[PDB]
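Could you have a look at this structure, given as structure tokens, before my questions?
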Amino acid sequence: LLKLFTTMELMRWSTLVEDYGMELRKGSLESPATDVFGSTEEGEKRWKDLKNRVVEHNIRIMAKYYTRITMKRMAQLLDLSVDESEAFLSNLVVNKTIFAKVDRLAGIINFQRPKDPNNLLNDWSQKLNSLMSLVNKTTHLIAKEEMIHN
Amino acid sequence: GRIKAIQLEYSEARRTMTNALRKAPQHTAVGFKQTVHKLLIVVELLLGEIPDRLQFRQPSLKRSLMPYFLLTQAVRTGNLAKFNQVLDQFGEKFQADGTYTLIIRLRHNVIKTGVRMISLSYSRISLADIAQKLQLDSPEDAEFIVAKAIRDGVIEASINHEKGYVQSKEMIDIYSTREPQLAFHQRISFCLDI
Amino acid sequence: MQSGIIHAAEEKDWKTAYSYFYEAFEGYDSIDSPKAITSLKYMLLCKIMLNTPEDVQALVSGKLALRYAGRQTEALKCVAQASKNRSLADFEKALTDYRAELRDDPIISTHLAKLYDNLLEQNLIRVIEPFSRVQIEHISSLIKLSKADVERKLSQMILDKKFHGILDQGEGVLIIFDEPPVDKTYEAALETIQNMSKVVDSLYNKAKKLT
Amino acid sequence: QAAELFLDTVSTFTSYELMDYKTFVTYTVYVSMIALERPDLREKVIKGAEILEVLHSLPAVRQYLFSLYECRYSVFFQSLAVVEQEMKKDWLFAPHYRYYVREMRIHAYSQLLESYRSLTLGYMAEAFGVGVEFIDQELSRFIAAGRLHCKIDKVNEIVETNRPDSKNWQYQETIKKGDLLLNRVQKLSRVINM
Amino acid sequence: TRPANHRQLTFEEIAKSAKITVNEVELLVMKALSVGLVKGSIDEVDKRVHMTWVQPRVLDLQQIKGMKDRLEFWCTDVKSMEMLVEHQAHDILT
Amino acid sequence: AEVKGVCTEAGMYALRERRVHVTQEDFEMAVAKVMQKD
Amino acid sequence: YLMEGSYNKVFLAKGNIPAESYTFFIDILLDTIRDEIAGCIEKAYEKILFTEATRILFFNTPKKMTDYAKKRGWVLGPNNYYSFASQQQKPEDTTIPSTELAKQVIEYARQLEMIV
Amino acid sequence: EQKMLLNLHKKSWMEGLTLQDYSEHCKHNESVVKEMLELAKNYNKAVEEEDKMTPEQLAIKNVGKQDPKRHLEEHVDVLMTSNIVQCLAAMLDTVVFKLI
Amino acid sequence: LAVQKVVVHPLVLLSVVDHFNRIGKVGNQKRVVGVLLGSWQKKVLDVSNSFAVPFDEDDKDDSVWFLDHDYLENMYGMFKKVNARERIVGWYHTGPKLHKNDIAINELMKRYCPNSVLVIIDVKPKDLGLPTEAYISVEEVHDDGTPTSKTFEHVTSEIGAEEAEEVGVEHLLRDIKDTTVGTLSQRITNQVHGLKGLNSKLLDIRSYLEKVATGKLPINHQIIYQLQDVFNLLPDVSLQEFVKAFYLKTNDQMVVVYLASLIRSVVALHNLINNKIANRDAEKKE
């Protein structure tokens, strides 16, 4: 379960319940369950917060890989309704947690920020700097091959 | 500069006439200044540019440039009727001034500027409305007039013959083009020249 | 205390009104007066009207204000929470739970209309922040106000430059724009040209007089 | 600069040898509506206690000021005509009465179009209490002048607003104001040599 | 396979070439992006995947020959501007 | 000197209220402080 | 009329010539106009109808379009529509003139250093 | 030995084609141009002051007070090489490092 | 790695050149090997002194080679006595390129300095590159299953001088070093040198690929992996977004150049005003 929150990939909340829900809430006689998601009021609140972390992790994954996604696709991928997923995304956007612009008429979520001209050329400049270092590094790697095979 | 003006070489004419004013005497030779100012105004109007309003304010040039001041006003609005009114009123003065031939060529320029504001102000304008705004004869004549403007680069637009209107192209971000660099280059290289 | 009340009544700057309530609080607090809580109320009200609701919680947590922790401090602390969260629904909930401590105080009551207007702008901005093009009816549903009221306020917000956007009446959509900041380099260049033109004017007098 | 200097002395006015205080506040309001942005107008003029007290005795000036702020465009245009005649008979504002009213009309047109993506020509005409043709001629003249960021779709009578960046407007002035500087430098070198 | 100018794979091409459902294309790119096999981004609205980088792979002699031919054009361009800057800035060159 | 000090104290009272312009109340509060208090 | 684009009045000038000697040079000039006005149509009109161009081109017989069309290489469309899609050949802003730009900026360095 | 000592402070070939950060370059463009805004304002005063001022104080009065003309030249000289080099390096890298 | 940068002082270059000359005088030598002395500052090496050591290698067999390590210890005690802050930081050899037995010599050098840095100082005056090429011995753990071997990893080299060392260098370079060229001209010459240096690097790769194509050397599969990254990093300057950004940024710098040139011209006019006033005033009194 901890590895799942480490992996940089989507995790489905429904899959979590059918794979780890019993082991976390009710547990087993061999491995007793903790009070973290117990049947009490505090446990129920923590279970809901676990769902919030799962969908927050998914939106975090959805922001690194996607540039544009559909509200219909996000809701399906978040195991939430369209309104709930929009409400959840809106809260993250307000708290500056994740940048996202919602075109609600077209149902389009835009994860890429307005690209500054400085950012475009700096990325271009960083590509040249890495390219020049790679060319220099390749030449030294070529030099070793000449020494061994001469 | 007068030679280039007659030979339709307006761009090089304007440079020389502007240069002629600079090297003219600063306190005397008023008559020479009036003659060059009169020709520079027409060449500036012929080139599609705008005459400087300050030159009409001078005490010496105010009386002499008044017929040309009304001519510039008529060309500015891009209206044929206003341009022609100046012609039937100051025609003899232009003839006695040796500039009547170049004023006649301004009729094409009056059409040019009037079309330019029509495209600059209207996203989609009917051809009949273009004829009314330019005081042309019929929309069919305005059809060819706008068509030549599009091919000459005067206005970036398209014409829908079936519908009967002209659709102006969306204005492109001029700062994202080389035009600012070109304008600066002709200004930077001149500063370094001084 | 009276100096702050009239200063707040004349809708002047609230920083000076807060200061008068601050000294009125200390004087009432030092002599252990029952009116110190009343001055404590308006000290928090001034902070809310100063668009700094975060300072309200800090003030109540102070040692001098711990003794007066009660319904009156709770009423303004929860209203500051509504302003802090930019929630208009919380403001009405605050105005209902603490109606006696808020709507019945004559000083607070006269400033509730302005507080409602201030919180409406903040809630509207929060609502349209996650959007780049959003239906007005969705804004009305989230804000729980009429569509016409939302549309009128948004146009007035656009005119006041409170947020950058346009209103499409035909489709009922507010198009929020991510404007770029003005280029201060061009701004500084323009004034440098103006300032250096005066140098040429100074050089002109020096040129003609000495030659 | 007049608005900034007038507003700093709206509460310290003792220059009665130049004007009466009501006239000073009247001019202060006038220059403020043409030189101040909407947020600055509200804080300094609309909510200014010193001006508001004087405006109690000047219903026409208060009507003129608040009509634009409250978006009563039909009222504002009627008040603008009144301000024109007052400005025509004023020795200070007479050379600029045409400029100010033209600029004020530009402000009103831009303010109405600022918050809306597109407005019909009829709605603009109804708001200002004028005809459709009058709005057409006025909008076309100001758009061509580059003062209004909108374009007219005359076929459907729709005015679509634009959002040109400040970079374009900053670039043109640098070309414009820089050119004015270059001529002085160019002409100063001319005086130097001879 | 595709050149760097045309590395915008649509969802249909990935689905067809991998024999997977179009809805499963999106999860496939995550695994490649997360593991590090490819670098890029997904445009779900346009159903296109913007790959910008791939893991380098073993190349045949013919592919290396094509790689060397690319250096021939690259070297010519660098030499061309080296002479251009040298010729244009000859007077000010130290 | 006392009259001059009243003016100087009048400007102080404007600063205490973070005002730019000195009002009549400031002069009156300055008169009370300079004469009666001191 | 020729410079302003009033091509319709150019054709009407044939009828009102001052003298019978004037007829010859009109014919040579009219051939130039026909190629010119068609050049206007390609850049201005995105699409025009087949006999819609009859009064535009001042062609009497419809067959006179067919021989002129292939000389101009005009693609006739199924709906009697001449498609003039050629604006795709823009001023080519897609390419940055690096060599021209580098030449100019180098020249500034010359005017700052080569002076001495 | 003389050629060998010439390698001291010889910058690497990577540095010549390396482009300065555009964020800092624009901020440096921003700050220095803002500096000329004040210097130009002071430059105007220096022109009028020196007109009515005796030739014995042509230089003594310049001691301890900054010269707007001198600083304007330095700012212009600094800015001209900063932008021209950045522009030329950007143009050279456009064709030298090209995908086609 | 353990070294981020190696700074070789001009004294070392002169010592290495002299060392190659004096031994090369008596007998023709493929290379001469010495010991590099210097200090350590953060992760940048500061090679500042060097001494010669006896060395000989048979050309036929790389295994046969002799380095007088007892001389190496004896000479260190000399330099440590004079300058205790200069410790053994590696070795040098004047061979134009690396040798197969260099990894073996480094092991003998490694026991005096665990992070020994080999700096190849080319006596021949190369026109473009720096004469020094710093290397460090590292364990290249291969992913093909081949056993881990000892390889030299390149470390960036820079020639820097101490304040007093710089003083002597400028004295020796006084006549030939032309400092009259302005800063703007110097940067453009750097750009020309950058174009030449990049071109030479690209020809070296092309020469390597040409030999690989004809079978002169086999496929390394690390260079080819690196080469794909190099060509993948090649930006597309024909994108509309990049072109618009390039145009937008270029125009931003042009106006600043325009403003600076505008200020320059009038300041130049002010100088001409003063010159004519001074000339007119001088002739009036005379």
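Order of writing sets the chain letters: A, B, C, D, E, F, G, H and I. Residues in each chain are counted from 1.
Here is the rule we go by: a residue touches a chain if its C-beta (ideal position, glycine included) is under 8 Å from a C-beta of that chain, and two chains touch if they have at least 3 such contacts.
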From subunit E, how many touching-chain steps at minimum until you land on subunit I? 1
For subunit B and subunit H, what is the smallest step count along a path of chains that touch one another? 2
Looking at Cα centroids only, farthest away from subunit G lies chain F
Counting C-beta pairs in contact, which two chains come out on top? H-I
By CA centroids, point me to the most central chain in this structure. H
Centroid from C-alpha atoms only, then distance subunit B to subunit I, rounded to Å. What do you get? 62
Just the number, please: Cα centre separation of subunit A and subunit G in whole Å. 57
Whole-Å distance, C-alpha centre of subunit F to that of subunit I, is 74
What is the distance in Å between the mean C-alpha positions of subunit A and subunit E? 25
Give the residues of subunit B touching no fewer than two other chains, as numbers and ranges. 173, 175, 177-178, 180-181, 185, 187-188, 191-192, 194
Multi-chain contact residues (two or more partners), subunit C: 180, 183, 185-186, 189, 192-193, 196, 199-200, 203, 206-207, 211
Using the touch rule from the top of the page, what residues of subunit A touch 2 or more other chains? 106, 117-118, 121, 127-128, 131-132, 136
Going by the touch definition at the top, which pairs of chains touch each other? A-C, A-E, A-H, A-I, B-D, B-G, B-I, C-D, C-F, C-H, C-I, D-I, E-G, E-H, E-I, G-H, G-I, H-I
Please name which positions on subunit D make contact with subunit I in the complex. 167, 171, 174, 178, 181-182, 185, 188-189, 192
Which part of subunit F faces subunit C closely enough to touch in the complex? 17-18
For the complex, give me every residue of subunit H touching subunit C. 26, 29-30, 33-34, 36-37, 40-41, 43-44, 47-48, 51
Mind pulling up the subunit E residues that touch subunit I in the complex? 4-5, 52-54, 56-59, 61, 64-65, 67-68, 70-72, 74-75, 78-79, 81-82, 85-86, 89, 92-94
In the complex, the residues of subunit I that touch subunit A are 97-100, 151-152, 154, 198, 201-202, 204-205, 208, 217-218, 220, 222-223, 226-227, 229-230, 233-235, 241-242, 244-246, 248-249
